[PDB]
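Structure first, then comments.
Cβ sites come from the backbone with ideal geometry, for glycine too, and all protein chains shown count toward neighbours. Every number here is computed from the coordinates shown, using simple stated rules; none is lab data.
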Protein chains: 2
Amino acid sequence: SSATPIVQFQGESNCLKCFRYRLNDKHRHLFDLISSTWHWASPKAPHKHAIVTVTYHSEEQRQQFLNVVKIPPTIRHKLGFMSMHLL
Amino acid sequence: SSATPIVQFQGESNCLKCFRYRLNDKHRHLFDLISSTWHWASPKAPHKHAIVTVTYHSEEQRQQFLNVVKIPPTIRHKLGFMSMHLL
DNA sequence: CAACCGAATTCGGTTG
DNA sequence: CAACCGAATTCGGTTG
């Protein structure tokens with residue numbers, strides 16, 4: 001469909017920073033776009049973590065990425081989709 | 001569906017900041033979650049703008065929001081969806 | 001891996 | 001409205 005398959009990363013803001021750096025330096029091919037480290041800005045916040053979005057070409061590149069990549073355990077992730085539209 | 005109906009805002013980073021502040025101060029009811037001001041971090045960047053995501057309860061609150069809200073013209077937006085999942 | 005570097009951005013809020 | 005406040009966060013990159 002018009003859903004870009006993506007992975008969201010929550011966790012300490014500095015970790016994600018470097019995780020991003022790690023990803024750009026060694027894994028450019030395994031994903032597509034990587035976001036700066038953001039977070040939810042209102043007091044209506046569901047959590048408190050920092051976040052990095054990472055986008056993918058195919059549900060398959062995503063899945064491939066996941067097998068190769070050793071995500072630090074202080075970092076949790078979720079899978080989802082957003083409109084490609086918005087990249 | 002588990003698509004959270006959302007609006008993305010591109011534009012100068014400082015504008016969005018205040019726009020966010022404006023939204024929280026006067027419009028808390030018209031939307032749901034508002035993001036900090038992020039941007040796409042790799043050199044593989046589709047653009048250059050800063051971004052704020054804003055999420056919604058219903059496709060209807062979204063649409064309602066849009067009629068009431070006078071978005072500064074230096075600020076462009078897109079409509080989309082992301083997994084609710086991910087908020 | 002993340003704590004740390006010093007430099008650069010962004011923060012929330014205020015004001016013209 | 002966005003430029004400006006000074007303070008606090010985040011940047012990319014370097015290290016142990």
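Out of all the residues in the range B:14-32, is one or more of a type outside the set (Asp, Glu), in a strand (DSSP E or B) and either more than 21 Å from residue A:83 (Cα to Cα) or touching a strand residue (DSSP E or B) at 6+ places or on another chain (Cβ under 9 Å) (or both)?
The answer is no, given that none of the residues of the range B:14-32 is of a type outside the set (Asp, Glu), in a strand (DSSP E or B) and either more than 21 Å from residue A:83 (Cα to Cα) or touching a strand residue (DSSP E or B) at 6+ places or on another chain (Cβ under 9 Å) (or both).
Looking at the range B:61-85 only, could you name the residues that are farther than 21 Å from residue A:42 by Cα and free of Cβ contacts under 8 Å to residues at least 24 places away in the same chain?
Those that are farther than 21 Å from residue A:42 by Cα and free of Cβ contacts under 8 Å to residues at least 24 places away in the same chain: B:67, B:73.
Please verify whether residue A:66 is away from DNA strand D (no atom under 12 Å from the Cβ), surrounded by fewer than 21 Cβ atoms within 10 Å (Cβ to Cβ) and more than 21 Å from residue B:16 (Cα to Cα), treating the condition exactly as stated.
Here the answer is yes, as residue A:66 does meet what is asked.
May I ask you to list the residues in the range B:23-42 that are loosely packed, with under 14 Cβ neighbours inside 10 Å and more than 8 Å from chain A (Cβ to nearest Cβ)?
Those that are loosely packed, with under 14 Cβ neighbours inside 10 Å and more than 8 Å from chain A (Cβ to nearest Cβ): B:25, B:26, B:29.
Looking at B:57, B:77, which is the one that is farther than 18 Å from residue A:10 by Cα and assigned to a loop (DSSP other than H, G, I, E, B)?
On inspection, the qualifying residue turns out to be B:57.
May I ask you to say which residue of A:78, A:70, A:26 is away from DNA strand C (no atom under 11 Å from the Cβ) and basic (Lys, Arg)?
A:78
For residues that are among the small types (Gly, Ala, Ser) and more than 16 Å from DNA strand D (Cβ to nearest atom), tally how many sit in the range B:1-45.
Residues meeting the conditions: 3.
Among the residues that make up the range A:33-53, is at least one of them closer than 16 Å to residue B:45 by Cβ, touching a helix residue (DSSP H, G or I) at 6+ places or on another chain (Cβ under 8 Å) and in contact (Cβ under 8 Å) with a residue 24 or more places away in the chain?
yes
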